[PDB]
Amino acid sequence: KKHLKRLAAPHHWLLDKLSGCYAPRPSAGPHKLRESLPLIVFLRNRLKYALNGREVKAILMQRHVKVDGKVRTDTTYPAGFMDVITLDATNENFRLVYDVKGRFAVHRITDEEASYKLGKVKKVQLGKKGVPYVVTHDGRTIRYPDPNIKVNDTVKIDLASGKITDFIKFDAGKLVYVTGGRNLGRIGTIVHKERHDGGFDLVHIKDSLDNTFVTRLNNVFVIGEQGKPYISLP
Amino acid sequence: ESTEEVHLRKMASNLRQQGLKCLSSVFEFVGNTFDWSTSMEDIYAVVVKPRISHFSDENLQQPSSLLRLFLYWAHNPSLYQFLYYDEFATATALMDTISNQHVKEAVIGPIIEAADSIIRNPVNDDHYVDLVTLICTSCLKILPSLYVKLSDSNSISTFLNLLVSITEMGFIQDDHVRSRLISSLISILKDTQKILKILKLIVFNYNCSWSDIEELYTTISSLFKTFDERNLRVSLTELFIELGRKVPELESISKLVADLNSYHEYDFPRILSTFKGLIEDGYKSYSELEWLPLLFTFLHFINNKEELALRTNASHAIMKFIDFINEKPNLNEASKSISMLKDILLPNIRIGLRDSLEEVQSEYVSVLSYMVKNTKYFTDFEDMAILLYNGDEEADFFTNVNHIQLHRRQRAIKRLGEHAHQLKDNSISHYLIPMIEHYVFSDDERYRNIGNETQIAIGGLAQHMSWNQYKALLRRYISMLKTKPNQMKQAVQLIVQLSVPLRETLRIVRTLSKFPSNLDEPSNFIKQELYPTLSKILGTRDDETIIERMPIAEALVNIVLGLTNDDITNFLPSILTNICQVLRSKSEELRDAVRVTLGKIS
Amino acid sequence: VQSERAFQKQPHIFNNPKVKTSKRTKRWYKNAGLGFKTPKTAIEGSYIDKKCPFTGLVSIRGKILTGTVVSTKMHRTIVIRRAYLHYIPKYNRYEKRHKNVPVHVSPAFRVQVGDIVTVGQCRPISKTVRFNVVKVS
RNA sequence: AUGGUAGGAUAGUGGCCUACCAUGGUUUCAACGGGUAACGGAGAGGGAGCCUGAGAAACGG
RNA sequence: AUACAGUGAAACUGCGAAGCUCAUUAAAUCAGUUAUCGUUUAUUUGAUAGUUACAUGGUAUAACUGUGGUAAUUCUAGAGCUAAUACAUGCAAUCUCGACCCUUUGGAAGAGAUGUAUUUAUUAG
C-alpha cells in the first residue's frame, strides 16, 4: 500500500486527526515506519516553519535541512531516535527524543552535541575479508569496532567521520532510556536483567523517584551513567 | 646492472626466486631417479658456489628453496658430493646458519634433522669421514643454545634423535665429544626413554667423576618420585646401578636404591629386610646423598594405595630421617638436612595430607605427628607442639583425628578449634585445615556429625589465620560453589563459617593474623569480589538449589557489617530485598527457611 | 544404525580412513541451551538423527512446554497430552480441557507412556510435528 | 490418512510431491456433521496451457 | 562554436504500469501474539571490489530516403542509410619475516606472500 489514513497513522506524531484525508507515509530509510518522523511533519506540524507540503518541498530543495550532517531532500525521509537535525540558515541543532507522554519532543542542542549521536549496538559480526563490524539501531554499519563492544551496548558516533569515539557497556547501574511499551520516554537506572533464553529478556529499571518498572530489553537504550548522561535531556 | 634499472633488477630477482624453486621442485620429484653425475659440477659451480658466502646471513628466518636443496643432498647418500665440493663449503654454509644467533627454530629443525641423516648414512669415502667430523663438532658445541631457542616438542625430539645417533656411531669415545654431549643433555633437563637410553649408554661405556655426575645424581634421584611406569622406573635403576660403578661412593647407594625398587612385582621379602636393615643401625650410617634417593622411593611407597606393609616401613622410614636429624652434634650438620627436609618432605607431606585416601592420609598424619614430638632442631612446628601438650594421648589429637572410633575423632576437632588462637597462622593453613576439611565434604553418614563439628572448628581456625591464606582459602571455596554442584551445600555453609571471622576482625579493628592496618583495602576486596560473586549466586534462578544457597545471605550480611557504614547502607538493601524476594515465594517450607535466616540475621 | 537404503551420516563430518587416529568415528554434537544438559548417550552414541536437538540440524527456539506422554508407538515421535482449566464467565466456572501435541523425540531419550516430558519449539519437522523432546522425567 | 528414511519441487521448512517401511492420528474433555440478523471471498464471454516483473499465476499479452 | 555545443518532432534505450459485478462463508475468515538459526526482497540509508587503451567492431538497425501489394487494420515486402549507459569485445603494484644490528625512529641483504561469484570435498572456528 502507498496511502496512509490520518486516523490509521500511529499515535506518536501528535498529528491532529481532522486536518486532512491522508498523512505522510514515511519512506524507506534508517528507521522503521512506526518509530520515524518524516521531515514534513517535523517542519510543518511541530516547528510550524512551513504551512503546507509545497512550502516544505521548497525548504528541502533549498538544501537548508541536514539529517545527521547530510542534506536530505525527501519530504518523507524517516528521521528517528537519536537523529540530529541541523538548520544552518537559522543556526539550530535539534535532537529527536521521546517525551514522557511518548511523543517526539523537539529538543534544541549545542553544536558540539549536534556533532555526534548515540547508537544502540544491534549486532556485531565479522564481515568479508575478516573485517569486524557493528550494526546499530539506525542501520549504520561501522567497521573495525573496539573489541569490547558487544550487543546491547551504546556507541557514541561522530557524524562527520562516522567513527566510534567511545562506548558504554550494558550493565546494572547504567542510565537508560525506554524506547517502547507504556514506559516509552522514561529514564532510569538498571537494577537487574532477567534472562529468558529463547524468549524476550526483561530489564528492571528504577527512576530517580525510586519507582521501579519492568520492560523488554528491545525497548532499552543505554544513554550514560547514573547522573552523567552523554546527551542533553529534556 | 646498477641501481637505476630497478625494473630489470626486480624481474631478475623473480627469475632467481622462481628458478631456485624450480631446482628445489625437480630434485624432490626426480632426484633419485635421474643421474646427475654429469651435471653435478655444473650445478654447484653456477648455482651453489656464488651464494655460499652469504648463505648463513640470508636464510635465518625460514627455509628457502636454496636451503632445501642442501637439505635434500644431505639426506640422499648419492648426492653427498655436492656437500664435498670446495672443502665442504656447502656443509660449512649449513653450519654457519646454525652458528648464527638470529637463526630461528623453523630453520634449525630441518638442518638438525638433515645432520642426523648424514650421521645415520655411512658412506665409503675419505670426504665423508671429514664431513661428519665437521658437522659433529659444530653441533655439539652449539646444541645447548639451540634447545633454548626451540619452542616445539617435536623440535626437542629431533634433537634427541640426533643426539642418540651420536652415541650409536661412536663420537662419544672422544672425551671432548663426551663432555659437550653431556652439556647438551643437562640443558635439555634444565622422549624421556630416549633420554634415559642416551644417559645409560654414555655413562655405561666410560667413567665419570663424582663432581661431574653429582648434579645429575640429584635430579635423576628426584626423578624416582616423579616416574611411575615400570619401564620408566626400571630404566632409571640401571643408571643408578651404572652411576655406582662409576664412583665407588655411590655404589653402596645404587645397590640400596636397586633393592628399594624391584621389578615386575616388588620383592617383598628382600625389601622388607632392607627396611629392617636401615631401621637397625643402617640409618645412622647412610649419608645425605644416600638419603636423597631413599626418600624419593619412600615417598613413592607411602603414596602407593595397594600395599600396607611397604607404607608403614616407608612412613617409619621417614621417621628415621627425623631421628637422623636429631643425631647431629649441632645445628650446622642438621641445617643441611633441615633444608633438605624442607625442600622435599614438607611439600609432599602437604599434598599427602590433601590425599583423598584415608589410610594414605593417616600415615602422613603420623609422620607429621612424629616431627612435632621430636623438635630438637626443627622449630617450625613448635606451635602445633603446644597444641599437643607434650604429645599426651587424647591431647596430642594426632591419634584422635584418626582413631578407629568416630566419637574420639569428633572430640578432637572441637578441642582443636578452641585452642586455635595459640597456634601459628602458617601451620593452621598448610596442615590442619587440609587434614580436617575433607570431613566436611565426606559423603559417608558416619562422618556427618564429624563434618558439622569440623565446620565450627575451621571457622575458629579461620579467625586465627593469616590474611593472605584466608583470602586464598575463601576464593577456592567460591570456586567450589560454581565448579562443584555436589559440594555446594558444604561450601556455602563453610563460606558462612569463613564470613564470621572476617566480620569479627573488621569489628575489632574499627583475629586474623597480619591483618592490614588500613580498612579500605579489605573493604574494596569485599566490594568487588566477595559481594558481586556471592550476590549473583544468591540471585540465580535455580529452584533445585535455592534452599542450599539461602545461607549465602548470612555470609553477605557478615561481610557487609565488616564494611564501612556508607558501604553498609549501599549493600544491605540488595541482600535483604533478595531475601524478601525468596520470602515472597509461594512454598511454605521455603518461606520458613527464609524466616529462620532472617531471624539469624536480625 | 545403517538400517535404511541410504547411508546415515552427519553432514559435513568427515572421518579420514587413511589417518585412522581413533577407532571411534568423529561425532558432532551441540548443547541446545536453556540449561538443558546434553545427555552423554548423545555425545558417545552411534545414532544418526537429523532432527535431534543435540546432534541434528534443528534449533530450539520459542515456547518451551511440558506434557504427559500418551503415545509412543510411532518411530522417533510421540504424542503428549496437556490439560488445563478454561474459565467460562457466563457462569463464572472452570471446565477441564486437554490438547494432544505430537512431538519429535531423539533416540538419545527413552520415553514410556505416562512420564513427564519438557519439549521445545523448533522448525516444522513434519506436517504436525513442531516440537522436540528436550528433557525427560 | 499418522510418522520414519532417501529423493523431486520449492526464497525456502514441511508428505508440498515421489520410492520403501510401521498402522497409525482426533474424539463423550464433544472429533465429524447440521442450522444461523456468521455483510454480521471470487471472475472480467466459458473452461486449458504459457509469457514479464523485486513484487501477479496480472481487469496485460 | 569546423566534431557538436541553445531548443527540439520522430525513433532506439531507462523507470513505472501491482472502481464495479456475483458468491457466501463459525476461531480454515479475521484480530492479537511468537519464530523464521527455514525464508525472497525493486527502492531508501550506510558500508563494500589496487590483482587499440590519447579508447575495438557491426559481428546494426530504428527513426529517415526511395519502389510497390492489398477492400482493408496499431496490414505489408524490396532496395539504400546513420548513433548509444542498446548489442558483442576488451587493458614497471602492495604487504610481511626481516640479518647487516650498518644507524640504535631509522634504513636495509635475502627469503616470502598477495581478487571476487557458483558447486563439491576437507581443515580451523
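Every residue number used here counts from 1 along the chain in the order it is shown.
Quick reminder: no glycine exception, Cβ is built from N, Cα and C everywhere.
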Which one of C:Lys37, C:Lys90 gets the tag ubiquitin cross-link in Swiss-Prot? C:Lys90
Can you dig through Swiss-Prot and tell me which residue of C:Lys63, C:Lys127 is labelled ubiquitin cross-link? C:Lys127
May I ask you to name which of C:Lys18, C:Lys23, C:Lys99 Swiss-Prot has annotated as ubiquitin cross-link? C:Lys99
Do you know which of C:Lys9, C:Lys96 is annotated ubiquitin cross-link by Swiss-Prot? C:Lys9
Across all protein chains shown, the recorded sites C:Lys40, C:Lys135 give the max Cβ-within-10 Å count at C:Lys135
So for C:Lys99 (ubiquitin cross-link), how many other CB atoms are inside 10 Å of its CB? 10
Under 8 Å by Cβ from C:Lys50 (ubiquitin cross-link), counting only residues of that chain that are 6 or more apart: C:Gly56, C:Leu57, C:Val58
